[PDB]
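Every read-out reported here was derived from the displayed coordinates using simple, explicitly stated rules and does not represent laboratory data. Cβ: placed from backbone, ideal geometry, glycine included. Neighbour counts: every protein chain shown.
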Amino acid sequence: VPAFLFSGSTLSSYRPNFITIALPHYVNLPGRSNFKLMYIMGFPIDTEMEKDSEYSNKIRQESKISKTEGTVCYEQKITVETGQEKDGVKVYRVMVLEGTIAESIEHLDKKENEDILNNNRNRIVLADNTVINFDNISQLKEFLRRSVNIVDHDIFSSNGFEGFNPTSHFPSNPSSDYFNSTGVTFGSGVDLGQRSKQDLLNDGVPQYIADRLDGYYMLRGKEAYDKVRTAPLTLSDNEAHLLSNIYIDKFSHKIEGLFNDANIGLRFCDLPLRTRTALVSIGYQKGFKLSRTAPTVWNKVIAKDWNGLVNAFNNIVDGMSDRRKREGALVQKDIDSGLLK
């Protein structure tokens, strides 16, 4: 123990020095201190011990981030290690050294690395030098999977929020006030009334999906309405999710920028997933500039008053109040889960 130590492969953008490796080689990983690595064979080894040492790191603090419900900011590179620890002595093989989330997921999916990952303790060493210890490799991968998404797309397309309808639909009638502004709609509120095919292509929507919507583009009011009654179109769930997610993500990035531009002492990626989801949902419904479209929400966000933020969602009556309560409950969950406070 640790087992299969030199097996598999290791992902590092950093490949030290410039013969002669069967000898241990030591180096300080450049950006940070301490990060002390001991290279044996071609492989990086992270060791920690309580007692002072010249070649070992000091014991690292455990991150407060939840291994079960938590995420790491999607803008961070991470270090992934697998290994063993006892009695103030820690020895970890570095599987991924300061790589991106997506790279990490990819690398850990490699068959060659199975043995070492299944046979040891897996942990993430964060940019902040704290660590998250996982019960098992499957847990770590799922954590990573959560972390890569800006919003939780399943919640978003749940009936509780934006819903999901793969069939072309017109969510208005000739009597209603929004009739002329409503277009042919797909998935989780993707309205083509102001969008053209080229627009969708530009946003990264696949040609095969885009080609299908021909005739549904740019129709608004009567024409869009009529078109759905006369010639509806049903997408497969897969195509409708793909399309929705492009727009959910596109919109999310709008919300993200506002938050980050506010310079509030943290970035949007540092918020828990559900809260990001909450913020984006209300934006998607009420308009993206929350300073204007949801001031009472916005105030609490930028104040980092999480309890205050929940209350704010509960206290808005736009006639949308049910969804707003569901948004606040997302925030409250993060509170109850310890992701917030």
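What is the diffusion coefficient of the chain in µm²/s, taking the Kirkwood radius over Cα pairs and the Stokes-Einstein relation at 10 °C with a viscosity of 1.306 mPa s? The diffusion coefficient I find is 70 µm²/s. The slack in the chain from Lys51 to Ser158, taken as 0.36 nm per residue of separation less the alpha-carbon distance, amounts to 33.3 nm. For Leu235, the amide hydrogen comes within under 5 Å of the amide hydrogens of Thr167, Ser168, counting only partners 5 or more places away or on other chains and with H modelled in the peptide plane. Remark: relative contact order (the range 225-341) = 21 percent; criterion is Cα-Cα distance under 8 angstrom and separation of 6 or more residues. Place a label point 7 angstrom from the Cα of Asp318 along the Cα-to-Cβ direction, then list the residues of the range 290-307 whose backbone nitrogen is under 18 Å away. Counting only backbone N, you get 290-302.
Label-to-label distance, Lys304 versus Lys111, with points set 7 angstrom from Cα along the beta-carbon direction: 4.8 nm.
Distance from the Cα centroid of the range 303-330 to that of the range 255-277 is 17 Å (rounded to whole angstrom).
Dipole orientation for the range 149-341: of the candidates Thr185, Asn314, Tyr284, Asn314 has the Cα lying most toward the positive pole (charges on Cβ; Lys, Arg +1; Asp, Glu -1).
Placing unit charges on the Cβ atoms only, positive for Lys and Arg and negative for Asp and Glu, gives the range 1-148 a dipole magnitude near 80 debye about its Cα centre. Each distinct pair of alpha carbons in the range 1-148 adds a 1/r term; the inverse of their mean, the Kirkwood radius, is 15.5 Å. So between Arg32 and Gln61, what do we pick up on full extension, going 0.36 nm a residue minus the alpha carbon distance? Working it through step by step, the gained length comes to 8.9 nm.
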